[PDB]
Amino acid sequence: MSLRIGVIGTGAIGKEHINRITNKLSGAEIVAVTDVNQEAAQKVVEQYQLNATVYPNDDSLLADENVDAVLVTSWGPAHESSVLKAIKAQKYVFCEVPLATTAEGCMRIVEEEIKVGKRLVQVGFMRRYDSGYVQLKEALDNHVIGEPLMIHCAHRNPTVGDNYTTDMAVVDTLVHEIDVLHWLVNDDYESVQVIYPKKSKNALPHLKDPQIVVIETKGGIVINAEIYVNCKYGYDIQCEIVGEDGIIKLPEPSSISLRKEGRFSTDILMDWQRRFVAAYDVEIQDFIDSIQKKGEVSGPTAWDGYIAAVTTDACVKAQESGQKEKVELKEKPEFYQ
């Protein structure tokens, strides 16, 4: 007997989630969708031969008693609104990054979930389900390299559109690093600082590219993260953790090697979409499985969404301040441990 899922926002990524749930995962179906372009959400129901109702807005869909759970996968700032409603309507919500665009927005959502007794909210930080990052986690949990002291990491992308703005680099992009990193090391951010290198010839005039972002935790781990979204060569995620007694490092995506015209090579991806395909699948399936076999959700929490929001804010602050901004977090409610 399969979980009945309603999708809010049938854009490019909500279309990807509809396809995995329909044709790749196990034990769930899409019974309802609503988009803001109601005509698009009516061409998607046909496209994937869904057996689903098409609502004009969220409220209508959240009223429907079929739907046990919703995917929030619409425009970014329209998230907070739909999550609060779904919590009050007491449905399970899988909400794509970001949880909300402001730090208080995330706080409002925590307070609601806190009331409604159990965990309803999983945030779509898929990196925690990628086998690379899972292995790093395992080695750290095993004290393979003793105490983490520094982290170097990088998030690069071939080119961006006319729409990509200086803040998006730390809000839409460095956001997964921010989530995954503190999950691995089990610590909280303290300060953030932003440093701009010589600007790239591949960056448009309004964009500042690359950027380095230093970040210290409370324990004193020092992270420096490079964000270069016009690197031209490929899409590439690198993460090295230096510990007291050794170093561990994230793998490249699997690739056949080639020997030809003087070079020994492997392939680098050009498409951010392709990089985490497996972790999307495993993440959703875990929302599904965790609900039917526990009565609550298991992944990244509303709280983790809140931590991403505060730090993301401090970054955008140190971004035009040029100074060493501070990251101030409220006490972690007993609810979340």
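Heads up: residue numbers just count along the shown sequence, starting at 1.
Higher mean CA temperature factor, per the PDB entry, when comparing 77 to 85 with 222 to 230: 77 to 85. Higher mean CA temperature factor between 50 to 58 and 277 to 285: 50 to 58, per the PDB entry. Of the candidates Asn157, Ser254, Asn163, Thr173, it is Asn163 whose Cα B-factor is highest according to the PDB record. Which of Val116, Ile241, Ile215, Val180 has the largest Cα B-factor in the deposited entry comes down to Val116. In this PDB entry, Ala103 carries a Cα temperature factor that places it within the highest third of its chain's modelled residues. Annotation for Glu261: CA B-factor lies in the lowest third of the chain's modelled residues. Compared with the other modelled residues of the chain, the Cα B-factor recorded for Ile13 ranks in the middle third. Among the modelled residues of its chain, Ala314 has a C-alpha B-factor that falls in the middle third, as given in the PDB entry.
Per the deposited record, the Cα B-factor of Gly124 falls in the middle third when ranked against the other modelled residues of its chain.
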